[PDB]
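Heads up, the chain below is alone and in the form deposited in one PDB entry; it's given as structure tokens.
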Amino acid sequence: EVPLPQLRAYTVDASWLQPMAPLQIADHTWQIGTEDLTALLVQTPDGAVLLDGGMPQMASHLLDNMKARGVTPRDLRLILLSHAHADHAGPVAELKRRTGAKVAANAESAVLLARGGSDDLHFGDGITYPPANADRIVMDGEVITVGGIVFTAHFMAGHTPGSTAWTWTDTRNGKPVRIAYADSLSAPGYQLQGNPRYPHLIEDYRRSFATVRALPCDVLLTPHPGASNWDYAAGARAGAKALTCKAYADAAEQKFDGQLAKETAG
């Protein structure tokens, strides 16, 4: 008769999987991911930090770019995450096995990471990846320091319960550059109202808009560069059109409000 359906792999736009050479953002901060997925390398005197890794199959590419930057596997000290979905935390388990790197995350992100994105609040087991363990649990506003560089966590629950923005201050042209790596504020295919798995979803997103709006934010980056109007393929002008954190939050709220009204109507 009719068999159960085959499992479906998590397939994405080609650009999400398109390798690029390292792109410098500030004196110590580089984009080393793909054209359309962010993975940020911060090189300190005392080892490197990686913020996000992209899709599961990006591990060897990341290590290659790291090597190009003079960062050996042993030199990678810390992995931080925007959120623990397959398209941003995908290669974390493998990176941990192949490098010195330890993971710091909040409790929500740690739990979701530890089950490889299964039992997702909105998509169940539809998009999973290799599970990984967190080495350190961080609280809202807590700082982590590597080679003198201080990273601050700003919780912005919504896209996932554990969604986080990370901020740090680098330099460029002799001046301080307050960098804000803000997580996604999308809700793709989510039930927003009366969601039994996330009863306070709407209130969390609204709080998160306010949080993003107030970040210290000379330069905004996002896990999907298009979200902050970055174009990693545009070389010298990659970041020209980048949004402020204020504009990013406002656009995300407007979009959310639209989705909420369409949900009410449908």
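Note that residue numbering follows the sequence shown and begins at 1. Shifts are known only where both forms have a C-alpha. If you superpose the two forms and keep the largest set of C-alpha atoms that fall within 1.5 Å, you have the rigid core.
Across the two stretches, 8-16 and 239-247, the PDB entry reports the greater mean Cα temperature factor for 8-16. 195-203 and 228-236 differ in mean CA B-factor, and the higher of the two is recorded for 228-236. Within the listed group 184, 118, 145, 169, the record reports its top CA B-factor for 145. The residue among 141, 73, 158, 131 whose C-alpha carries the highest B-factor in the deposited model is 73. When the modelled residues of the chain are ordered by their C-alpha B factor, residue 60 lands in the lowest third.
The entry lists a Cα temperature factor for residue 54 that places it in the lowest third of the chain's modelled residues. Looking at the C-alpha B-factors along this chain, the one for residue 122 belongs to the middle third.
Ranked within its chain, residue 44 lands in the highest third, by CA B factor from the PDB record. In the PDB entry, a CA B factor belonging to the lowest third of its chain's modelled residues is recorded for residue 28.
From this point on, the text means the form deposited in another entry, which you will not see here.
Lining up the core between the shown form and the other one shows that one residue from 20, 242, 12, 247 moves its Cα 2 Å or more, and that residue is 12.
In sequence order, there is only one run of at least 3 consecutive residues whose Cα atoms each shift by 2 Å or more between the shown form and the other one, relative to the superposed core, and it is 1-16.
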